[PDB]
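Take a look at the structure below.
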Amino acid sequence: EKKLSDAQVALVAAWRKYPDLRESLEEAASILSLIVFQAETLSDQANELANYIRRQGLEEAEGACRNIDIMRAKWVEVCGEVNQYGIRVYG
Amino acid sequence: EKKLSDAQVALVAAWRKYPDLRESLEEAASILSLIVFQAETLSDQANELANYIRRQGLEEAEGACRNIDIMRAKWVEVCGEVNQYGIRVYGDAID
């Protein structure tokens with residue numbers, strides 16, 4: 001039941017309490033954001049490749065395509081999703 | 001520039017200095033770790049999709065395979081690569 005937002009809360013809470021931690025934990029926060037962004041870029045790319053494969057009727061890769069769907073749903077549980085207003089929302 | 005290990009080390013450094021942060025920041029560290037694990041699991045699946053495409057000779061989607069290679073390379077720049085002994089290694093220490 002752990003979420004991306006939980007980690008983000010903890011990081012800012014930490015250096016607001018202890019300002020000497022600002023430089024290192026804002027950096028960690030930026031690295032976490034970078035990681036999430038890169039992951040979601042590759043995930044979308046994988047999803048679109050999987051969609052293409054399905055449309056081509058290539059049943060040999062059907063297990064793989066199904067795995068991409070399962071993994072994408074699991075990701076949204078932890079990291080939510082960004083809507084059209086640029087807000088990251090959770091279930 | 002700055003790597004996954006930098007973030008990892010920063011979390012630990014912080015609660016070693018301020019023990020009262022250990023609960024919140026250990027949790028954060030485990031979330032970071034989970035996110036990296038799920039990303040890398042999906043990445044490996046994406047890589048095998050591309051492998052399948054290329055084995056079939058399906059050139060229509062070759063651009064997607066090149067895209068996946070580029071993104072995996074960029075990921076490894078930041079997050080390194082876990083070797084067969086489960087050690088995450090970076091840069092020229094890979095392969």
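Chain labels run A, B, ... following the order of the structure tokens; each chain numbers its residues from 1, and ligands are numbered from 1 in the order shown.
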
Go through chain A residue by residue and, counting only C-alpha atoms, keep those with an atom at most 10 Å from chain B; for each kept residue give the shortest atom pair and its distance in Å to one decimal, ordered by chain and increasing number, as a tab-separated table.
```
residue	atom	partner	partner_atom	distance
A:2	CA	B:31	CA	6.8
A:3	CA	B:31	CA	7.0
A:4	CA	B:31	CA	6.8
A:5	CA	B:28	CA	9.4
A:6	CA	B:28	CA	6.9
A:7	CA	B:28	CA	4.3
A:8	CA	B:28	CA	7.7
A:9	CA	B:28	CA	8.9
A:10	CA	B:24	CA	5.7
A:11	CA	B:25	CA	7.2
A:13	CA	B:24	CA	9.1
A:14	CA	B:21	CA	6.9
A:15	CA	B:14	CA	9.2
A:17	CA	B:21	CA	9.7
A:18	CA	B:18	CA	8.7
A:20	CA	B:14	CA	9.6
A:21	CA	B:14	CA	6.9
A:23	CA	B:10	CA	9.6
A:24	CA	B:10	CA	5.8
A:25	CA	B:10	CA	6.4
A:26	CA	B:7	CA	9.3
A:27	CA	B:7	CA	7.0
A:28	CA	B:7	CA	4.2
A:29	CA	B:7	CA	7.7
A:30	CA	B:7	CA	8.8
A:31	CA	B:7	CA	6.6
A:32	CA	B:32	CA	6.9
A:34	CA	B:78	CA	9.0
A:35	CA	B:36	CA	7.6
A:36	CA	B:35	CA	7.6
A:38	CA	B:75	CA	7.1
A:39	CA	B:39	CA	5.6
A:40	CA	B:39	CA	8.3
A:41	CA	B:71	CA	8.1
A:42	CA	B:71	CA	6.5
A:43	CA	B:42	CA	7.0
A:45	CA	B:68	CA	7.2
A:46	CA	B:46	CA	5.4
A:47	CA	B:46	CA	8.7
A:48	CA	B:64	CA	8.6
A:49	CA	B:64	CA	6.7
A:50	CA	B:49	CA	7.6
A:52	CA	B:61	CA	8.2
A:53	CA	B:53	CA	8.6
A:60	CA	B:52	CA	9.2
A:61	CA	B:49	CA	7.4
A:64	CA	B:45	CA	6.9
A:65	CA	B:49	CA	8.1
A:67	CA	B:45	CA	7.7
A:68	CA	B:42	CA	6.7
A:69	CA	B:42	CA	9.8
A:70	CA	B:42	CA	9.7
A:71	CA	B:42	CA	6.5
A:72	CA	B:42	CA	8.2
A:74	CA	B:38	CA	8.3
A:75	CA	B:38	CA	7.2
A:78	CA	B:35	CA	7.8
A:79	CA	B:35	CA	8.1
```

### Query
Mind checking DSSP for chain B and telling me the alpha helix (DSSP H) residues as an MDAnalysis selection string?
chainID B and resid 4:17 22:56 62:79

Could you turn the residues from that selection into a file that holds C-alpha atoms, as an mmCIF file, in the first residue's frame?
```
data_model
loop_
_atom_site.group_PDB
_atom_site.id
_atom_site.type_symbol
_atom_site.label_atom_id
_atom_site.label_comp_id
_atom_site.auth_asym_id
_atom_site.auth_seq_id
_atom_site.Cartn_x
_atom_site.Cartn_y
_atom_site.Cartn_z
ATOM 1 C CA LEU B 4 20.621 6.095 -8.359
ATOM 2 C CA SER B 5 23.410 5.323 -5.846
ATOM 3 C CA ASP B 6 23.589 9.031 -4.977
ATOM 4 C CA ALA B 7 19.926 8.969 -3.947
ATOM 5 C CA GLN B 8 20.392 5.683 -2.038
ATOM 6 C CA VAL B 9 23.421 6.980 -0.102
ATOM 7 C CA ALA B 10 21.663 10.281 0.720
ATOM 8 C CA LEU B 11 18.699 8.574 2.406
ATOM 9 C CA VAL B 12 20.958 6.420 4.543
ATOM 10 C CA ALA B 13 23.297 9.311 5.382
ATOM 11 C CA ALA B 14 20.311 11.330 6.571
ATOM 12 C CA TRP B 15 18.897 8.886 9.127
ATOM 13 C CA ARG B 16 22.347 7.914 10.352
ATOM 14 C CA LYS B 17 22.740 11.586 11.221
ATOM 15 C CA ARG B 22 14.880 6.424 10.055
ATOM 16 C CA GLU B 23 11.249 5.298 9.951
ATOM 17 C CA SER B 24 10.131 7.763 7.275
ATOM 18 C CA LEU B 25 13.289 7.568 5.152
ATOM 19 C CA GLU B 26 13.682 3.776 5.311
ATOM 20 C CA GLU B 27 10.134 3.639 3.981
ATOM 21 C CA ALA B 28 11.082 6.097 1.230
ATOM 22 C CA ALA B 29 14.148 3.969 0.420
ATOM 23 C CA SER B 30 12.000 0.866 0.080
ATOM 24 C CA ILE B 31 9.596 2.729 -2.209
ATOM 25 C CA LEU B 32 12.481 3.889 -4.399
ATOM 26 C CA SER B 33 13.743 0.300 -4.453
ATOM 27 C CA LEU B 34 10.300 -1.046 -5.427
ATOM 28 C CA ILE B 35 9.920 1.540 -8.200
ATOM 29 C CA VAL B 36 13.330 0.663 -9.620
ATOM 30 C CA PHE B 37 12.538 -3.051 -9.450
ATOM 31 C CA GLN B 38 9.190 -2.715 -11.261
ATOM 32 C CA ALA B 39 10.717 -0.416 -13.894
ATOM 33 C CA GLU B 40 13.544 -2.842 -14.570
ATOM 34 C CA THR B 41 11.132 -5.801 -14.769
ATOM 35 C CA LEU B 42 9.023 -3.989 -17.392
ATOM 36 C CA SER B 43 12.210 -2.879 -19.213
ATOM 37 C CA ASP B 44 13.410 -6.471 -19.547
ATOM 38 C CA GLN B 45 9.983 -7.464 -20.897
ATOM 39 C CA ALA B 46 10.151 -4.585 -23.401
ATOM 40 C CA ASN B 47 13.578 -5.816 -24.468
ATOM 41 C CA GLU B 48 12.234 -9.332 -25.193
ATOM 42 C CA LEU B 49 9.363 -7.862 -27.238
ATOM 43 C CA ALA B 50 11.939 -6.064 -29.338
ATOM 44 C CA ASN B 51 13.983 -9.285 -29.557
ATOM 45 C CA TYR B 52 10.910 -11.088 -30.857
ATOM 46 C CA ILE B 53 10.226 -8.370 -33.445
ATOM 47 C CA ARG B 54 13.775 -8.528 -34.736
ATOM 48 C CA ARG B 55 13.802 -12.351 -34.811
ATOM 49 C CA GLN B 56 10.641 -12.277 -36.941
ATOM 50 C CA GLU B 62 12.089 -1.629 -36.060
ATOM 51 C CA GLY B 63 11.862 2.038 -35.033
ATOM 52 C CA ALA B 64 10.131 0.949 -31.820
ATOM 53 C CA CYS B 65 12.970 -1.514 -31.141
ATOM 54 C CA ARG B 66 15.599 1.175 -31.648
ATOM 55 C CA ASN B 67 13.610 3.435 -29.307
ATOM 56 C CA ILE B 68 13.581 0.731 -26.647
ATOM 57 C CA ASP B 69 17.361 0.268 -26.979
ATOM 58 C CA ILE B 70 17.954 4.004 -26.590
ATOM 59 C CA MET B 71 15.764 4.244 -23.487
ATOM 60 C CA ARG B 72 17.400 1.185 -21.874
ATOM 61 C CA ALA B 73 20.830 2.694 -22.488
ATOM 62 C CA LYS B 74 19.744 5.997 -20.899
ATOM 63 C CA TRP B 75 18.350 4.119 -17.889
ATOM 64 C CA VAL B 76 21.611 2.259 -17.325
ATOM 65 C CA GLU B 77 23.480 5.624 -17.375
ATOM 66 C CA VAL B 78 21.461 6.682 -14.306
ATOM 67 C CA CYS B 79 20.719 3.370 -12.574
#
```

### Proximity to residue 90 (chain A) - best of A:1, A:51, A:33, A:66, only C-alpha atoms
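Among A:1, A:51, A:33, A:66, it is A:1 that comes nearest to residue 90 (chain A).
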
### Task
Please report, as a PyMOL selection string, each residue of chain A to which DSSP assigns strand (DSSP E) when run on this structure's backbone.
chain A and resi 81-82+88-89

Just N, CA, C and O atoms for this one: save the residues we selected as a PDB file, in the first residue's frame.
```
ATOM      1  N   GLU A  81      -0.953   7.998 -11.993  1.00  0.00           N
ATOM      2  CA  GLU A  81      -0.862   8.384 -13.393  1.00  0.00           C
ATOM      3  C   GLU A  81      -1.086   9.881 -13.549  1.00  0.00           C
ATOM      4  O   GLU A  81      -1.840  10.480 -12.786  1.00  0.00           O
ATOM      5  N   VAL A  82      -0.446  10.477 -14.550  1.00  0.00           N
ATOM      6  CA  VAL A  82      -0.552  11.919 -14.773  1.00  0.00           C
ATOM      7  C   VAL A  82      -1.695  12.228 -15.734  1.00  0.00           C
ATOM      8  O   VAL A  82      -1.731  11.709 -16.850  1.00  0.00           O
ATOM      9  N   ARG A  88      -0.507  14.241 -10.975  1.00  0.00           N
ATOM     10  CA  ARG A  88      -0.357  12.802 -10.740  1.00  0.00           C
ATOM     11  C   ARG A  88      -1.433  12.332  -9.757  1.00  0.00           C
ATOM     12  O   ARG A  88      -1.420  12.705  -8.587  1.00  0.00           O
ATOM     13  N   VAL A  89      -2.379  11.531 -10.242  1.00  0.00           N
ATOM     14  CA  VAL A  89      -3.494  11.081  -9.412  1.00  0.00           C
ATOM     15  C   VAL A  89      -3.429   9.578  -9.111  1.00  0.00           C
ATOM     16  O   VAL A  89      -2.937   8.785  -9.918  1.00  0.00           O
TER      17      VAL A  89
END
```

### Message
Rounded to one decimal, what separation in Å do you get between CA of residue 80 (chain B) and CA of residue 95 (chain B)?
### Response
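Computed distance, CA of residue 80 (chain B) to CA of residue 95 (chain B), equals 11.0 Å.
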
#### Entry: Between CA of residue 37 (chain A) and CA of residue 92 (chain B), distance in Å (one decimal)
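Calculated distance between CA of residue 37 (chain A) and CA of residue 92 (chain B) is 24.8 Å.
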
### Task
Mind giving me the straight-line distance from CA of residue 19 (chain B) to CA of residue 19 (chain A) in Å, one decimal?
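Computing the Euclidean distance for CA of residue 19 (chain B) and CA of residue 19 (chain A) yields 15.5 Å.
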